[PDB]
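Read through the structure below, which is laid out as structure tokens, and then see the notes.
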Protein chains: 2
Amino acid sequence: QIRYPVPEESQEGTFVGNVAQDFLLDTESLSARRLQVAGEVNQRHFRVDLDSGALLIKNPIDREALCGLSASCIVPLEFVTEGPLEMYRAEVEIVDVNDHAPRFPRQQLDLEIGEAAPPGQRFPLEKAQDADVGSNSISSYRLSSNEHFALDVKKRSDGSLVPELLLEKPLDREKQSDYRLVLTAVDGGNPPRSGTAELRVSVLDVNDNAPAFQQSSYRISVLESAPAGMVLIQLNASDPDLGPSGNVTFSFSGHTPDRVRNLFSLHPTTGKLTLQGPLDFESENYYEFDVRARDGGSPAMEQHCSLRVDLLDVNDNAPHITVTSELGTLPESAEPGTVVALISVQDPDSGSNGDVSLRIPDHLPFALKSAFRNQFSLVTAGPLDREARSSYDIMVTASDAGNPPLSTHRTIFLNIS
Amino acid sequence: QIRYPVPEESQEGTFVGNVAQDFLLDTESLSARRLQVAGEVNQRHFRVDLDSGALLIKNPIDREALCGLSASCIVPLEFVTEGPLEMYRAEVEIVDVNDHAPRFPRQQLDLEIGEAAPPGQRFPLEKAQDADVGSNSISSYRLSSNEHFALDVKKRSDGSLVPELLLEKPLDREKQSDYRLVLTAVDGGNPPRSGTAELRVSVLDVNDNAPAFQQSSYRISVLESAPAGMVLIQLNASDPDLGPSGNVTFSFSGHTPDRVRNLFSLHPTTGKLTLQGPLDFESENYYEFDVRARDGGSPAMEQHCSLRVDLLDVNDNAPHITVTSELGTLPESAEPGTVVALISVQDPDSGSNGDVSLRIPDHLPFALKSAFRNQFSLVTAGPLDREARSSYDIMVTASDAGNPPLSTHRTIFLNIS
Ligand SMILES: *[C@@H]1O[C@H](CO[C@@H]2O[C@@H](C)[C@@H](O)[C@@H](O)[C@@H]2O)[C@@H](O[C@@H]2O[C@H](CO)[C@@H](O)[C@H](O[C@@H]3O[C@H](CO)[C@@H](O)[C@H](O)[C@@H]3O)[C@H]2NC(C)=O)[C@H](O)[C@H]1NC(C)=O
Ligand SMILES: *[C@@H]1O[C@H](CO[C@@H]2O[C@@H](C)[C@@H](O)[C@@H](O)[C@@H]2O)[C@@H](O[C@@H]2O[C@H](CO)[C@@H](O)[C@H](O[C@@H]3O[C@H](CO)[C@@H](O)[C@H](O)[C@@H]3O)[C@H]2NC(C)=O)[C@H](O)[C@H]1NC(C)=O
Ligand SMILES: *[C@@H]1O[C@H](CO[C@@H]2O[C@@H](C)[C@@H](O)[C@@H](O)[C@@H]2O)[C@@H](O[C@@H]2O[C@H](CO)[C@@H](O)[C@H](O)[C@H]2NC(C)=O)[C@H](O)[C@H]1NC(C)=O
Ligand SMILES: *[C@@H]1O[C@H](CO[C@@H]2O[C@@H](C)[C@@H](O)[C@@H](O)[C@@H]2O)[C@@H](O[C@@H]2O[C@H](CO)[C@@H](O)[C@H](O)[C@H]2NC(C)=O)[C@H](O)[C@H]1NC(C)=O
Ligand SMILES: *[C@H]1O[C@H](CO)[C@@H](O)[C@H](O)[C@@H]1O
Ligand SMILES: *[C@H]1O[C@H](CO)[C@@H](O)[C@H](O)[C@@H]1O
Ligand SMILES: *[C@H]1O[C@H](CO)[C@@H](O)[C@H](O)[C@@H]1O
Ligand SMILES: *[C@H]1O[C@H](CO)[C@@H](O)[C@H](O)[C@@H]1O
Ligand SMILES: [Ca+2]
Ligand SMILES: [Ca+2]
Ligand SMILES: [Ca+2]
Ligand SMILES: [Ca+2]
Ligand SMILES: [Ca+2]
Ligand SMILES: [Ca+2]
Ligand SMILES: [Ca+2]
Ligand SMILES: [Ca+2]
Ligand SMILES: [Ca+2]
Ligand SMILES: [Ca+2]
Ligand SMILES: [Ca+2]
Ligand SMILES: [Ca+2]
Ligand SMILES: [Ca+2]
Ligand SMILES: [Ca+2]
Ligand SMILES: [Ca+2]
Ligand SMILES: [Ca+2]
Ligand SMILES: [Ca+2]
Ligand SMILES: [Ca+2]
């Protein structure tokens, strides 16, 4: 048929075509025939010049508002004359111009993705809008360089592009929690027009880290004389997760025997291990037990650590003197060398702290004899006369080889008859 | 020195040794010398027979209560005589018997392990107790066959065994949530004695599964006449996690345009997509949008699904008759063939539903002429005489080719002069 191209957004009065000449109307009859555009809308947008017979633009036309996403926009125009009454038809092709840039409906997009999202999961993106059609519509999407995310641009049945964010590699909030990316959409105009949007993705924390001790195990030496309330060690553990999932508390293992809990206490927040009671190298020389650090996650991650506390001997025991047997009363006629008492000594300490020596004052008529290790018998070493002295109080003194030495004193009472 | 072996837990009166004969004491002097055990404890456990001079057990001896975990248990015994007063020493070796079976302090142990525990993490176990020493103490640990856990048995500085549970492969509560294992501890006695304990481990859930749609995408066809409240589709998605982490809810994507939300609604629990308003094939022929299923986990996992709804044309529009120009009044002298009116018809439906035919009753002196598609002019087809009839009401009827057809009626009023 008769087709006139005219670009959209053309100014008022732009020449479309000589409709009178294409309808073969006589020039001299323009004022009588009263050629008019039919249709209220087309009379709003088109008019016929009465003098030349040319079809002119009255009000500028928006192709986007007229045809939307249709590929071709052709507007059939109807014309009317009188005398005689006649109708004519012609087609105006409205040509699209590139007066729309791609534009994201939101220029700021925010995503919250869980740290444990599986690779391959997809996330929708808002496509930019370009009201044009054909080569002037959106032609490509671009995603800035990053290491975990890529673009998966989808082609719809009509030719629309749909960008999707594809997680390619697993995330880790503990290494990087925020990503700032730019998404760009470009049309195929000349020159190409484009628009961008900032996509801020934050990684939500999963409790995927257990607490970590500074060392795998600790070994401690402490003197058995250490006072109650002494800090033996401060355990340090870190947990990189966020919030309560990064909150560390310390405790004894659940199966920790009572003999350990009675002597040691562990501060739940600071991890300071303190001493709660008396230690004794003589009964127990070392303790090994496990402690644990738990985070406040759901479910909780825990890590255990092995502790060994070695005790150091202190010279805290003086010798103990036991008089096994005692004559008590003795006749003055007894010959020198008579065994008067049996004495055993013991010292629970080790090394020089437990080596016992025994002594009595010299001026007495008695002597100490030893036939077995740490065993002494007290015997008569001189003559005895009841009339001179009727009774003896013999002071025996035991000493260990500690520094300073510890001494024990015991008196054996002996009557003479 | 003088050493006598005697087994622990020996009955009263068991022969240890002839101490008198080893101390070279005369048999005839037993009642006078009054050989006695020294020490209250040893007098509780040992006695000397006055007639034979043999050292005998008074009360049975527990080696475990005496030496604990020491490798060697040797008890120095002291003896005393009178007339003259003398002291002797000898050593009794108490030999351990295998009168203790390994026994776990708890025979039921329960562990709660997070599903996302990393392989290589270790978990303490309560070691069994065997009060014996040497080869009679605990000699081995065994863990029943399973696929995720193994045993890491530790050797302490003193020779104690510490069993630890080692996670070798990652867990998955969604495949198996409970493990029943038996831990066995065996000593090295003849015969070996052993004891077992049941360890029930439960796997605590992590929200590591997103909801899964039945299909990756759905495509729906619906007639534009479908009534409001019609269910177009029921979306089904499953989530295998536990509790709220397995609770699925449905929604439109956050970026879903308002033109979609106005026409369709999605039940958050059931996933039924219903129709909320009028559809119109003539203005919009299809809709594509994304819906998402989110679980109630922290953080939430989500999965999207693409929906496309195609509309089907219904013959819901009758033709529209527009009378472009109308003479209104006509002289009776006008020749036949005079164009009286200009008529244009349009039907927005497609195919046969939008093909228009036009007609008027036959007996009238008028006719319909068509020079362009869907355009008709009403012209005079016979002679006219005002005196016969002074005015005409001409009923024009348009019909589409639908089943059933839709009709439009319009009357043009024409005066004759
Ligand atoms: C557990 O941690 C505490 C605290 O350590 C703190 O964090 C670490 C990472 C470092 O930055 C450290 O400087 C911080 O205080 C440890 O306590 C500290 O341990 C130091 C040994 O590396 C120790 O030197 C320091 O005490 C000082 O020592 C100086 C002599 O070297 C003295 O002149 C001074 O007066 C202090 O007495 C100590 N500080 C405190 C406040 O405790 C602790 O050792 C860690 N535990 C384990 C088992 O490693
Ligand atoms: C979403 O799920 C529903 C419900 O499905 C239920 O779970 C699945 C795993 C099956 O066990 C199913 O039997 C359960 O009802 C689906 O609804 C059902 O879909 C069936 C198609 O597979 C459909 O046949 C059924 O309707 C019946 O159809 C029969 C004729 O084949 C009729 O004779 C009968 O009267 C029903 O009209 C329907 N049932 C219900 C209660 O809806 C639904 O299709 C799924 N959606 C998608 C998109 O797959
Ligand atoms: C980190 O946690 C501590 C301790 O939490 C306790 O142990 C948890 C495993 C769980 O059992 C909680 O219910 C316990 O509260 C928090 O310290 C507490 O702070 C409050 C004051 O706000 C105080 O009244 C409590 O007594 C404290 N708990 C203890 C055991 O002393 C601490 O607030 C947490 N850290 C942060 C940053 O919130
Ligand atoms: C599964 O969840 C539903 C819905 O939970 C809602 O959506 C969540 C994502 C979150 O926003 C919640 O705060 C919402 O409640 C539960 O259904 C609810 O049940 C209560 C009665 O107990 C009812 O009053 C609410 O209205 C319901 N919610 C809706 C949206 O209708 C349901 O109980 C959960 N399943 C289980 C097994 O607990
Ligand atoms: C968007 O991208 C286009 C081409 O990629 C540029 O021409 C424009 O300046 C904007 O950066
Ligand atoms: C893409 O980048 C431009 C700046 O070049 C912004 O204007 C836009 O908002 C988006 O960040
Ligand atoms: C424990 O194990 C020992 C040897 O392994 C057995 O002898 C005993 O019967 C029990 O099963
Ligand atoms: C090991 O197995 C035995 C049964 O043979 C139980 O007695 C014990 O409690 C543990 O289950
Ligand atoms: Ca425009
Ligand atoms: Ca345009
Ligand atoms: Ca454009
Ligand atoms: Ca991590
Ligand atoms: Ca943590
Ligand atoms: Ca984390
Ligand atoms: Ca002591
Ligand atoms: Ca000591
Ligand atoms: Ca001492
Ligand atoms: Ca015993
Ligand atoms: Ca035993
Ligand atoms: Ca045993
Ligand atoms: Ca899993
Ligand atoms: Ca889930
Ligand atoms: Ca799970
Ligand atoms: Ca319609
Ligand atoms: Ca229709
Ligand atoms: Ca129709």
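None of the figures in this text is laboratory data; all of them are computed from the coordinates on show. Here the Cβ positions follow ideal geometry from the backbone for every residue, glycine too, while neighbour counts run over all protein chains shown.
Can you work out the FRET efficiency for the pair residue A:388 and residue B:29, with r the C-beta to C-beta distance and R0 = 56 Å, to the nearest 0.05?
Step by step, r from the Cβ atoms, then E = 0.95.
In percent, what relative contact order does chain B have, based on Cα pairs under 8 Å that are 6 or more apart in sequence?
10
For segment B:100-206, what D do you get in µm² per second when you plug the Kirkwood radius from alpha-carbon pairs into Stokes-Einstein at 37 °C and 0.692 mPa s?
225
Report the local net charge at residue A:75: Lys and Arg +1, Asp and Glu -1, summed over other residues whose C-beta lies under 9 Å from its C-beta.
-2
At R0 = 22 Å, how high is the FRET efficiency between residue B:72 and residue A:286 if r is their beta carbon distance? Nearest 0.05 is fine.
It comes out at approximately 0.70.
What is the Rg over Rh value, at two decimals, for segment A:316-417, using alpha-carbon atoms and the Kirkwood definition of Rh?
Checking Rg against Rh, the ratio lands at 1.02.
If you build a Gaussian network model of chain A, linking Cα atoms that sit under 10 Å apart, which residue out of A:205, A:26, A:355 swings the most?
The residue with the greatest mean-square fluctuation here is A:26.
Taking the number of other C-beta atoms within 10 Å as the exposure measure, put B:87, B:395 in order starting with the fewest.
Neighbour counts put them in this order, fewest first: B:395, B:87.
In nm, to one decimal, how far is the residue A:352 label point from the residue B:99 one, both placed 7 Å along Cα→Cβ?
Simple spin-label model gives 4.4 nm for this pair.
What are the trypsin sites (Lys or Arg not before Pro) within segment A:308-380 that DSSP puts in a loop, where the Cβ has at most 14 other Cβ atoms within 10 Å?
Sites meeting the loop and neighbour criteria: A:373.
Can you give the mean number of other chain Cβ atoms that lie within 10 Å of the Cβ atoms in peptide A:83-90?
Mean shielding by partner chains, rounded to a whole number: 5.
Need one number: nm distance between label points at residue B:135 and residue A:225, each 7 Å from Cα along Cα→Cβ, rounded to one decimal.
The modelled label-to-label distance comes out at 4.5 nm.
Once the label point is placed 7 Å from Cα along Cβ, list for residue B:274 the distances to the corresponding points in the other copies, in nm, shortest first.
Values, ascending and in nm: 6.6.
Report the paramagnetic label zone for residue A:160: residues of segment B:270-299 whose backbone N is under 14 Å from a point 7 Å from Cα along the Cα-to-Cβ axis.
B:284-291
How far, in nm to one decimal, is residue A:216 from itself in the other copies if the label point is set 7 angstrom along Cα toward Cβ? Shortest first, please.
4.6
From the label point of residue B:50, set 7 Å along Cα to the beta carbon, how far off in nm is each other copy's matching point, shortest first?
Counterpart label points of residue B:50 in the remaining copies fall at 16.2 nm.
So what's the convex hull volume per residue for the Cα atoms of the protein assembly as shown, in Å³?
Hull volume normalised by residue count: 219 Å³.
In segment B:382-417, what trypsin sites (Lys or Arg not before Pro) fall in a loop by DSSP, with at most 15 other Cβ atoms inside 10 Å?
Filter output for segment B:382-417: B:386, B:389.
Cα-based Rg of chain B per 2.2 N^0.38 Å, rounded to two decimals?
Here the Cα radius of gyration is 2.50 times the empirical estimate.
Given a Förster distance of 51 angstrom, what is the FRET efficiency for residue B:190 paired with residue A:334, based on the Cβ-Cβ distance and rounded to 0.05?
That pair, residue B:190 with residue A:334, gives E of 0.30.
Can you list, bin by bin at 10 Å, the percent of alpha carbon pairs in segment A:253-292, starting at 0?
In order of increasing distance, the bins hold 24, 60, 15, 1 percent.
For A:157-164, what's the mean count of beta carbons from other chains sitting within 10 Å of each residue's beta carbon?
Mean inter-chain Cβ contacts per residue within 10 Å come to 2.
Per the Cauchy relation, a quarter of the hull surface: what is the mean projected area of the convex hull of the alpha carbons in segment A:235-393, in nm²?
Projected area, direction-averaged: 14.0 nm².
Across the residues of B:299-309, average count of Cβ atoms on other protein chains within 10 Å?
Going residue by residue through B:299-309 and averaging, the value is 4.
Whole Å is fine, so just give me how far the alpha carbon centre of segment B:175-208 lies from that of segment B:284-336.
68
Computed from the mean reciprocal separation of all distinct C-alpha pairs, what Kirkwood hydrodynamic radius does segment A:227-306 have, in Å?
13.7
Sort B:94, A:57 so the one with the fewest other Cβ atoms within 10 Å of its own Cβ comes first.
A:57, B:94
Within segment A:83-123, what residues put their amide N at less than 11 Å from the label point 7 Å along the Cα-to-Cβ vector of residue B:372?
Answer for this model: A:86-92.
Figure the gain on full extension for residue B:40 and residue B:152 (residue separation times 0.36 nm, minus the Cα-Cα span) and round it to one decimal in nm.
Result for the pair: 35.7 nm of gain on full extension.
Given charges of +1 on the Cβ of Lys and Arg and -1 on the Cβ of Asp and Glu, with all other atoms neutral, how large is the dipole of the protein assembly as shown about its Cα centre, in debye to the nearest 20?
80
Which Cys residues of chain A have no other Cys beta carbon under 4.7 Å away?
Lone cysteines by the Cβ rule: A:305.
Run through every distinct alpha carbon pair of segment B:1-94 and return the Kirkwood hydrodynamic radius in angstroms, one decimal place.
About 13.6 Å, per the Kirkwood formula over Cα pairs.
Measure off 7 Å from each Cα along the Cα-to-Cβ vector at residue B:145 and residue B:262, then give the distance between these two points in nanometres to one decimal.
According to this spin-label approximation, the distance is 6.8 nm.
Among residues other than residue B:356 whose Cβ falls under 9 Å from its Cβ, what is the net charge (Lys/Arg +1, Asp/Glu -1)?
-3
Please arrange A:312, B:384 by how many other C-beta atoms lie within 10 Å of their C-beta, fewest to most.
Neighbour counts put them in this order, fewest first: A:312, B:384.
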